[PDB]
Amino acid sequence: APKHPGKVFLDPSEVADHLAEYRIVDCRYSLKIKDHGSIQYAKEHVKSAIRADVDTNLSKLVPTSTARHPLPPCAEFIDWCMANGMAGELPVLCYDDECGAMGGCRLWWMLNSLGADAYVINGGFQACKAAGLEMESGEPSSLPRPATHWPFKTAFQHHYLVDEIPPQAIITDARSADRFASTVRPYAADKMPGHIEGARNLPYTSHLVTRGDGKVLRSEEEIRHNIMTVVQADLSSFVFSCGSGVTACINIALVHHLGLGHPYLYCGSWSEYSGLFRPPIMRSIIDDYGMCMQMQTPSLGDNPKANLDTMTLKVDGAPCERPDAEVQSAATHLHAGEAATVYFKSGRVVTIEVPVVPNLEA
Ligand SMILES: O=S([O-])[O-]
Ligand SMILES: [Ca+2]
């Protein structure tokens, strides 16, 4: 059945003169840039490629869930697949602009869980431009081609919803080490510091090297060495997760590709988990570290750290030249421009805001 048995990744070199043989899907997405990928798939895209929207096609936000990219209802996703000719006449070839980690492997995961044939391009769109692949622009007004029969499974396979995760399942976490190892305050998109207890961190960036102006995969032995840091040969029963179930898909993909098995996905991931179990999570943080923070702004980990020699903080909404020792302690964890509500083990609650730039007279 499958075009490339055992594979999920493919270099441009393996596909460049065999393009027509795939249904190509542009899964470009950015966590921060508004309408990215729809803006970028217009400027330029691989010829004959249609586009998948991480937010609206590959997931469906629910009001009753903090999950950031939960699986969409399967019937809705399959409907969308058929409408776009992704129903098994050709194998799907997915790409994004972070080597599969940021949209591509997610689509791959979904198609594969249904029993369909799909692959991801090593190196993404950048390694498509930089390999001389045929390009097109704007909205193509030619050939989608709807399918009317569905030969594949009807429900996504080999994934656990939160309550289905066995109590002592081995869980990995694809998020950056900074996020994983966060104590009293979160970074990037996370609302809660920490991770699922017992989880093993396998930062997905570890498998990637920035050849050109985009990441490509590190070598196979390098990726195998990466994967081995969370083992201790068949990881099919591990539960792979991240912040919202997107980056975890490359960890599952690389494991699959290298022949090491096919781990469960926990799609809801930390965004879901930390929302559902917010109370006990906050109590352990307060217990372990003396305080827990809830951000009132986006996190600004790349901004300058708060420095009380050059800055006066706004505490509970007023400039505060006399910050007591607790506030001063909390502020060592904050950055220029951030605001956070801090819950101290004492029962004390304070809001602290750091000025965007040094603001002390002297
Ligand atoms: O994609 S982030 O939310 O893990
Ligand atoms: Ca501890």
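Throughout, read-outs are computed from the coordinates displayed, never taken from laboratory work. Backbone-built Cβ (ideal geometry, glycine too); neighbour counts: all protein chains shown.
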*Placing +1 at every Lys and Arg Cβ and -1 at every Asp and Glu Cβ, with all other atoms neutral, what dipole size does segment 64-212 have around its Cα centre, in debye to the nearest 20?*
380
_Amide H within-cut-off set for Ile171, under 5 Å, with H built and near neighbours excluded_ = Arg200, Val239
*Of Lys7/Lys47; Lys60/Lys129; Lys43/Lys215; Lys191/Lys305; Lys3/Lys34; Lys191/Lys314, which ones are farther than 29 Å apart at the Cα?*
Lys60/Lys129; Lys3/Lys34
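Which loop-located GluC sites (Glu not before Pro) does segment 8-52 contain, where loop means any DSSP state but H, G, I, E or B and the Cβ has at most 14 other Cβ atoms within 10 Å? Could the numbers behind the result be given before it?
Working: sites: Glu14, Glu21, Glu44; in loops: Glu44.
For GluC sites (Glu not before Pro) across segment 8-52 that sit outside H, G, I, E and B with at most 14 neighbouring Cβ atoms in 10 Å, the list reads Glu44.
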*Dipole-positive endmost among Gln40, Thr148, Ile165 within the chain (Cβ charges, Cα centre)*: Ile165
*Between segment 54-115 and segment 1-40, what is the C-alpha centre distance in whole Å?*
13
*Hey, rough spin-label estimate for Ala1 and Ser236, points 7 angstrom out along Cα→Cβ, what's it come to in nanometres?*
1.4
*Name the residues whose placed amide hydrogens come within less than 5 Å of the amide hydrogen of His159, ignoring near sequence neighbours (fewer than 5 apart) on the same chain.*
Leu265
*If each residue's Cβ is checked for other Cβ atoms within 10 Å, how do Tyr95, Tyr204, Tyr41, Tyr343 rank with the fewest at the top?*
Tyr343, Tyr41, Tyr204, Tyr95
_Taking 22 Å as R0, compute the FRET efficiency from the Cβ-Cβ separation of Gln168 and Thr64 and round it to 0.05._
0.20
*Karplus couplings for segment 315-323 from phi (6.51 cos²θ - 1.76 cosθ + 1.60, θ = phi - 60°), rounded to Hz, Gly and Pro as x?*
10, 6, x, 9, x, 10, 7, 10, x
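Please rank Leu161, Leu114, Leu107, fewest neighbouring Cβ atoms within 10 Å first, as an exposure proxy.
With the sparsest Cβ surroundings first, the list reads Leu161, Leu114, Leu107.
Evaluate 2.2 N^0.38 Å with N set to the residue count of segment 294-362, then give the Cα radius of gyration divided by it. Walk me through the intermediate numbers first.
Details: Rg = 11.1 Å, N = 69, 2.2 N^0.38 = 11.0 Å.
Scaled against compact globular proteins, the figure is 1.01.
Helix-only mean residue ellipticity at 222 nm, the chain, DSSP H runs n ≥ 4 weighted -39,500 (n - 2.57), per residue, nearest 500. What is it? If you can, show how the numbers build up before the last one.
On the way: 11 runs with 83 residues, N = 362.
Calculated from helices alone, the mean residue ellipticity at 222 nm is -6000 deg cm²/dmol.
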*Fewest to most neighbouring Cβ within 10 Å: what's the order for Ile171, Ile281, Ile33, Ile252?*
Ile33, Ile281, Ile171, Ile252
*Using θ = phi - 60° and the Karplus relation 6.51 cos²θ - 1.76 cosθ + 1.60, list the HN-Hα couplings for segment 202-214 in order, rounded to whole Hz, with x at every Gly or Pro.*
10, x, 4, 4, 4, 8, 10, 10, 8, 5, x, 10, x
*Given a Förster radius of 35 Å and the C-beta distance between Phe277 and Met82 as r, what FRET efficiency does 1/(1 + (r/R0)^6) yield to the nearest 0.05?*
0.40
*If one computes the Cα centroid of segment 297-362 and of segment 147-217, what distance in Å separates the two points?*
31
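How large is the Kirkwood hydrodynamic radius of segment 215-314, counting all unique pairs of alpha carbons, in Å? Please list the in-between numbers first.
On the way: mean 1/r = 0.0589 Å⁻¹.
So the Kirkwood estimate lands at 17.0 Å.
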*Taking a Cβ-Cβ separation under 4.7 Å as the criterion for a possible partner, which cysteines of the chain have none?*
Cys27, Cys74, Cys81, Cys94, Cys99, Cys128, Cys242, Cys267, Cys292, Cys320
_Need one number: nm distance between label points at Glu136 and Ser346, each 7 Å from Cα along Cα→Cβ, rounded to one decimal._
6.5
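Work out the length of the dipole vector of segment 156-292 about its Cα centre, built from +1 on the beta-carbon of each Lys and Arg and -1 on the beta-carbon of each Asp and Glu, and round it to the nearest 20 debye.
Details: 11 positive and 14 negative charges, 61 e Å.
Using Cβ point charges on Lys, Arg, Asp and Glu, segment 156-292 gives about 300 debye.
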*Sorted from largest down, what three extents in whole angstroms do the Cα atoms of segment 156-292 have along their principal axes?*
42, 35, 28
*Would you list the P(r) distribution for the chain, with all Cα-Cα distances sorted into 10 Å bins from 0 and each bin expressed as a whole %?*
5, 23, 29, 22, 13, 6, 1, 0
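Charges at C-beta only: +1 for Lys and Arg, -1 for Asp and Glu. How large is the resulting dipole of the chain about its Cα centre, in Debye rounded to 20?
Details: 31 positive and 42 negative charges, 63 e Å.
With only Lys, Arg, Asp and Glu charged at Cβ, the dipole is about 300 debye.
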*Taking segment 1-155 as the region of interest, what is the percent of Cα-Cα pairs per 10 angstrom bin, listed from the shortest bin to the one with the maximum distance?*
11, 43, 37, 9, 0
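Could you work out the Rg to Rh ratio of segment 109-226, with Rh taken as the Kirkwood radius (inverse of the mean 1/r over all Cα pairs)? List each step's numbers first, then the result.
Values: Rg = 19.4 Å, Rh = 18.5 Å.
Reported Rg/Rh (Cα atoms, Kirkwood Rh): 1.04.
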